[PDB]
Each structure stands twice: as C-alpha cells, then as structure tokens.
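Each of two forms of one protein chain follows alone as structure tokens, named structure 1 and structure 2.
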Structure 1
C-alpha cells in the first residue's frame, strides 16, 4: 500500500453522489447480489434490523451449504431444517410458502429454497434498504469506484509475456497492493495493423463476463503510447508451455490432469455460451494457469457476441487446426465451433501433437482444410476409452451431431464417462485441489523483435472510449480482499 494513492481512497460527501443515484442501475439482483460491496452493505442492513435476521441467516446458511465439504453437508442440511423449516423453529421463516418449506425438508438441495429467500428479500426488505443509510453508503463507494485510477496507480515490475501489440506485465495497484497482469497495446501498432475492433471486443467481453474460468478485467485505461487492460494475474504459464516445455523428453499430460483442465475449460465455455458469446480461439496457448494450478481462458480478440435473437453467425476467424468444418465451409455457425476446438485441445494435451498433422508436418492451407473437413482422426493407445469417445464426440464434422451446448448448458456434456472422478459442484466452486501446482520460483515461459503516424481525432476518441476505467465487480472484490473496504467502512473508530 503506497500511501499517496491509498490516501485518495476516501468516501465523498453525499451531495457528490446525486448524479450516480439517477444514472446507475439500482436493481436488486445487480446491486445487492452481484456487486460484492452492495451485497455486503445489504447484509449489514439486514443484520441491524431484527425483523430480517431469520432471512439473512437462512441465506448465509444456504450459501455455506453450497460450498461445504461433502463430509459436512448432511450435518448442515439437518441444522438448516431444524433452524428454519420445522414447525415451531426459533428462526422459522414465516415468509416462505408452504410448498417451498415442504420441498426443502424432503430429500441443488435448497436451490428452490434459495430462490424463494432471494425473491422475498428483493421485495419489502430491498425497499427498506433503499430507504437506509446503507444504500447511501453504497452510492459513496460507487462514486469512489468511478474516480480516475489510471496509469499512475499501477507499478509494472516484470514482463509476463509478449503479445502482438505489446508486452504483458506483472503489476501492482499502488493503493491496495493487489497484483495484476497489465496487457499493453501499442497505439501506433494497433492503428497500423487495423487492430481496433479486436482490441475493443476483448475489452468488452472481459468486462462483462464474471467467471472463475475466464480472466477478469479490473481496469481499462490509456497512456500516451498504449491502451492497457489490467486483469487477473496468471503466474503459472500456459497449457502449451506445460505440454511441451517442462518435461521435454516426455511431453503431454497424464489423463487426470488433462481431464481436470478440460472440466475447467468447459465451465468457461459454458459461461460464454450462456451469454451468447462464441470464443473462436480455444487452444492450449490461450489457457493460462494461476499459482494454484487452476486455469482460465484468455485472449478474447476473435470472439463474437451474438445479437439479441441471433442464433448463428458467419465469418472466417480462428487458428488453423482449431477451426471447425462449418467455419471452414463458410456456413452459418454457433457455439459448436468452440467444442470442436476443445476436442483438438484435449487431443493435444494427451498426445503432444494435433489430430491432423504429425510433428514437423507442415502442409498447404488447402490440405489442412481437406483433412479437417474429411479425414478421420486416429487415436493412439495413450487415449483411454473415455478420452477417445469424448474427443470423437467433439470432433464430429457435422455440428448437429457434435457434443456441446444443449438446453442452455453443458450439463449433458458433464455426464460423460470422461468426468467420472470429477465432482462438479466443487470444480465449479473452485474447491478442488488441482493435480499440478506450479513452482513460484520457476517461470513457466519461453525465453526476436519486430521492425510512425500522427493520430487524428478519430483515433484519440477510440482510445478514449476504450479507456472506460474501472470494472465494478473486480474493483469491489479488490477493495474487500485487500482490507480497504473494512478500513473505510468504519462508523465509530
């Protein structure tokens, strides 16, 4: 915590928040459930108002049940029912309908109960929160969230990697001490190579999605020479490095490790697909490891957000060897292209080569296309029966026959025998211990450089729009995680 910048984190007088009161989305789900500081303040409100004690405690107890160890869940289920649902219980929740109480006592246990609790809280209690000091305090935090926090607030201290338009640095937010990755995009190069649209798509997607399986955007700003995206630091290298460059004589992963990453990637794909986004660039090098060994998908510049009521799109984009037949054939396509790419990615994790080309085999584009469109993939012994079936189901040429996103989720896919030893609740909650933990002393990265133009208003306005500033949810997470929320939200110190 550099004190100069820490000192600029101060809550404003209430008059300064009046514009925000009119401009913000202040809906229940968006404010009190999704935004961490909103949720904290709403729960503080409920905690100070006796009437709402039962409801608050039931809510917390369901959320605790949902992330409990399997060994303790039967206990927690019995304690919850005894506390809130049995006839004369001391915290009996009078607001619940009889069906919901009945459903809750029999036998995503409590997911219906949670929906009912949250539905209750979004009515009278939310209205009372809006008429409380805690709502005004939320507005003060939103004002602070919106203040300039640009290049001066970040200390770049190490190069993490090299992209097409600049380096990615390990950096520290000076006020809080939180470590991030800062991806720099050189303005002149972006302009020269007509990279504006791609840069903006990546920024917009990373800003709007919130998943433990996708790198999160916390800040977007500009300097004289660069656009900058401050995002989750992934210190563990990329899957490509780990397939080939750690144990070079024996490349590839053991099945359990490959399956674990597959399960995480699938969860990230699902999250995009539920938001009508097609990734279009899944491959080992775009999947990054954190220092715990959990992975996230990254590099979202080729992604497409389908319009409202848009079921399919068109356009040639992606990496040769990962692009699905329907894309290569120039047809309309949807999320299915990403599942094709997942099959290729799993294949490579196990085989240490791609399904269509041997090591060192370099072919004309036309030949690679004909192989992806027509050639039957072959599977060595390394592949267990479950691995082969799964790959086969994902590498199907016809997208209508391909395994993937069905009925608004990947639940169908999750039931595949490949995932027999994966506990999905704990995977999705980030509870499971990864099979590989990167060494903090080790850098999991590879050790040539490339060879002027005035900017006009059109360029500078684009850079200004790109530099949208601070993303609400990650910023609020940072403030809470680093202790600044606790420190500034004091009432009587």
Structure 2
C-alpha cells in the first residue's frame, strides 16, 4: 500500500457551520475533556491563546513546563532557570500576573523531579476559567465543532484496505490495513459473527472493546475504530510490526537466547506503566505474558489482547474467576480464591524471568508439562536463579513471584510509585519513559519479519442489536492523533494560503 487514496481524502472536508448546531448541544464541553485530553481541541485552544496577546504568558509558561518535563537531565537546570526568569519575575515581559504570591514563590524554590507540577495545575486552573470562556465564544471553538462533526461521519470497512494477514487463531483473523484517506497503518482484528455466537463470545468481546476504547495509553494498544461488516466485527487498533516479545527472546540469537538486562528492564518499565494505567482504572489484565507484549517499529512495547481482562465495579476491591495462561497465573488464582491487581504483577515477574533466563521459572527450556503438573509447581516449587540474573533482577523477581499476594510487590496507594523506587530501575528516567522520550535499547529491523505462524445458524434481533452496540464507530482521541500525525489536520486547518 504505497499510496493514500485521494477519493477518500476528498471525503475529509470540513462541513458548513449550520451542520454543527446539533452537535454543539449533544457534546461534552468540559475544559479538561475538550482542551487537554482531545489533541485537536488542545491544538485549537493553544492557537486561540497564541492569537490573543493577553494569554501569551500563560500559553508559553504552559509549553515551557511541558518542555521541561520531557527535557534531558543536562538541560533541566538551564530550562528551570530560563522559565523562572521569563514568567516568575514581576518585571519580566511574560510575567504571569494571574498566579498567587504563594505559587510563584514556591515555583522559584527547589529543584526536584516533580518541580513545576503545582505551577502547571495553577496555570491549567487559570486557563480553564476566563481564557476557556473566551475560546468558546471564538472561531476556534467553532472549528473544533467542525472537526468533531467530521469525526462522527461514518468510517466503516470501505475506509480500510487490508494488505496482509498477521494471525489466525481463536475467534477470528488479524489483518494489517491502511486507513485510505490518511494512509496511516493499523492492525484490524476481525471477529467472525457466526463463530462468536457459537462460542457465546459476546461478553468477552464487548468487555475488551469497551476497555480498549476508554483507555488511552502509549503502553497499551489503542482502539481507533470499531465497526461491523456482514460477516465480522472489526477492531482497528495500533499496529505493532516488531511482533511479540517471546519471538525476540528465543528466535533471534538461538545459540544465546534471552535479552541483555538493560533491555529487559526497559520493557519491564514499559509494561509496569501499562499495568498501572489499567489498575488506576480498576481493571485487571489477567493475561500478561511475553507473547502478549508487542513491539513497534521504534522498539517500544505495549500490552495487548484484553480478552481476559475484567473491570471491577465501584466499591469492589477484589474479584473471583479462573482465567489466564498456565505458568503465569498466580497461586491465589490457581487456588480458586479472591484476588486483585496482584495477579498481574506475578505474571510480570514470570515475564521478566523469561526475558533474562530464556525459560520459565518453573520449567527448563523447551520442557512440555501438563497443566496439573505446572499447577503444583507454581503453588509449591521455589524459584532458582542462574548467574545471568544480577542482584537487582533476582530481588525484583523474588518480590514479584511471592506466592502470598500480601507479601508481593505491586499496586500500592493508587500507584506503582513504590515499585519504581526499586534499584533495578536505577538508570530509568520514568519521567521520559512515560512521555516516550527514551531511546529504546533494541530497534527491530523492518526488513526482518519477527514471526512464525500460518455450521449454519440464523441471526435474531438480540444479535443485530448487540452488533450495533459493539460497532460504536470512531474513537475520538486516536482519530484526532491520526489526523495530526498524517498532516491532514495541518492541511485542512488553513486560513490564508
């Protein structure tokens, strides 16, 4: 697919303003939701602030804090100094007068990791008041509505060209496809309708869809579009051309398999960030393993396949249910007891162990064991560590592979902050990692392909009613990201050529 389609790009055209009146009422106009969380909203909000002299200081301070948050440690002292001199001095041209004396004085002191975070909250609080109100009453808000109208237009199977098959497995096939208008590459997972019904796979598919839709993280595969065809239910999501971790452990360098420790730590840190994102939203992954951790072109990883994931309702702290992969399921799960997010951290310990050791903690390399035998080992067998493990790796895996979930390291006080402070992540800049700034340790070769692999019922009302609910359409944030990434936003959002 060495070519976008101009026929479908032509369909991406901004509507007249009258077509956006209906949308203006039936839409969440929250400041946080519109101008911070939605890329096009933020972009248009900042353009508004740019073009209004009085909001210049607040805009540039906002940008410089974000600049400081992603900068190299060597440049941070300088950028902190320049920032304070530019915005936090009464006589400075871009002095932010809207701040309190308390916040300005505070920001002028200290040089910590979380510096300017109180300052950012103060700026965003200010911007969400008067400047936001002015924005709603400006052309830039109307332009946002135009983009939102375009976002809501139908973009089903006709907008996607499948050009290669990636996998064939449980419940359907996975294709690599191109969004025709913009040319962006996606992975499309197609679930066969008849097969789903036959396996009663409605809950598992619906739950996965809803989770992928509501979650937005660089360490979890994103859902961009959800639509239906005559035969399939389709999920268009982030493509990951590097393939799964497991392949990279064993099938590159087969004479010395396993990752170098720095590389294993990098992926672990990325996985942790993904897990935290789910756990902070009361979701349990329940299927963490090398084969479900995928690599993209740049060498960054994401967790995938949320089919066994479960969301706790409000008030609920633990759940019950046998689900997962043999060798990665925690003891408390295997015993049929209640469990929380701790099960995912046990799986992380196993995942990290396998990355370094090039084998499971409970089996030798290539050993085939029956599920009853492997169940006994997880519950009873103590994990041994070969010489490739450093003191940090061993200690960390020992902490994660605790059979008792009370003694096990993981989610505490609404975060993984306690886990981050382990000496294993000594050389990891969490701040840059989470912003996707860190250079990955290994970059996959685009030439190289990192993989192996190769009834009649009628539909009722409840089936079609379910499929429409499933086919929720375009996911707002991933779509906006796409419009910007591909330059379609820049191209259509002009004023004077």
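Numbering follows the first chain given and starts at 1. Rigid core: the largest C-alpha set superposing within 1.5 Å between the two forms.
Only one of 208, 416, 357, 115 has its C-alpha shifted by 2 Å or more between structures 1 and 2 once the core is superposed, and that residue is 357. Comparing the forms between structures 1 and 2 on their rigid core, the Cα displacement of residue 181 stays under 2 Å. After superposition on the rigid core, the Cα of residue 370 moves by 2 Å or more between structures 1 and 2.
Taking the core as reference, the C-alpha deviation of residue 386 between structures 1 and 2 is 0.9 Å.
The rigid core superposition between structures 1 and 2 gives a CA shift for residue 250 of 2.1 Å. Aligning the rigid core leaves the CA of residue 488 displaced by 1.6 Å between structures 1 and 2.
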